[PDB]
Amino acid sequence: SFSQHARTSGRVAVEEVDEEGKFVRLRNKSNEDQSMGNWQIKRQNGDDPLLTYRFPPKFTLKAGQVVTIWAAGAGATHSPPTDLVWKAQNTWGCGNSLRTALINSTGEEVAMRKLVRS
């Protein structure tokens, strides 16, 4: 259904993007902890307005750990550091092109996963 295109320039990867828009999953693929306070996930679905999730001001993703950022409508609970809920947003969005990018607190794109419909 969708072809996957991913890039990781630092410690944390955009490991999985739910095709149905329930969540985005990140993994610290390094042997060091990553501070991600005020980091963002930019989500561009086709030409629809950009959605941007903002991590809490203090958040550490430990070495080797996963964090799933759930949309509020997926029926998930806010249980850190493994699961965060995007309070404002009930879906990550649908479309033919779904681009999820991890950004540091200063606007640097450090990782992405893009799903393009076949």
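One-based numbering along the sequence shown. Rigid core: the largest C-alpha set superposing within 1.5 Å between the two forms.
Asks: After fitting on the rigid core, which stretch moves more in 5 other deposited structures of this protein, 87-95 or 48-56, going by C-alpha RMS?
Replies: Stretch with the larger root mean square C-alpha distance in 5 other deposited structures of this protein: 87-95.
Asks: Determine, for stretches 86-94 and 33-41, which one has the higher mean CA B-factor as deposited.
Replies: Per the PDB entry, the higher value belongs to 86-94.
Asks: Test of understanding: from the entry's C-alpha B-factors, which stretch has the higher mean, 54-62 or 69-77?
Replies: Looking at the record's C-alpha B-factors, the answer is 69-77.
Asks: Tell me, lowest, middle or highest third: where does the Cα B factor of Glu20 rank within its chain?
Replies: It falls in the top third of the chain.
Asks: Consider only the C-alpha atoms of the modelled residues in this chain, order them by B-factor as the entry records it, and name the third containing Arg117: lowest, middle or highest.
Replies: Highest third of the chain for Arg117's C-alpha B-factor.
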